[PDB]
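Okay, structure first, notes after.
Protein chains: 2
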Amino acid sequence: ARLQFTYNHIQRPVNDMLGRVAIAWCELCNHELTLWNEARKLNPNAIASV
Amino acid sequence: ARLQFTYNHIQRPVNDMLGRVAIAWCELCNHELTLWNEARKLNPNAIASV
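Right, dumping it as structure tokens:
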């Protein structure tokens, strides 16, 4: 708990590696939400029941 | 670089393994393109903005 953010040269690779993971999830959510919100308008009963 | 494609019995398992990976990606692209290209006709503004 005292060391976690003090060693700058260890944190830089982590910020890059985890930042890329966070972005990948964000792009995937936008893709799925866009398809789901369009199907919702065509057939409300099916989408709501599922 | 000299060994890579000369040891025939090593390359056969690799051709099978990687051939299967390439096919899996190809089938997945056809599935996603088909859904995306239909949504594009229903709501061009939402799809283009994303």
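Taken in order, these protein sequences are the chains called A and B.
Numbering-wise, the entry's author numbering comes out as the position in the first sequence, counting from 1, plus 503.
Numbering-wise, the entry's author numbering comes out as the position in the second sequence, counting from 1, plus 503.
Built from N, CA and C at the ideal position, the CB exists for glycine as well.
Asked, Found
"Could you tell me the distance, in whole angstroms, from the CA atom of residue 498 of chain A to the CA atom of A/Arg523?", "Examination of residue 498 of chain A is not possible in this model, given that chain A is present from 504 through 553 alone."
"Under 8 Å, do A/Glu541 and B/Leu531 count as touching if we go by C-beta distance?", "no"
"Under 8 Å between beta-carbons, which chain B residues line up against A/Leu538? List them in chain order, please.", "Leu538, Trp539, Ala542"
"Rounded to a whole number of angstroms, what is the C-alpha to C-alpha distance between B/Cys529 and A/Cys529?", "24 Å"
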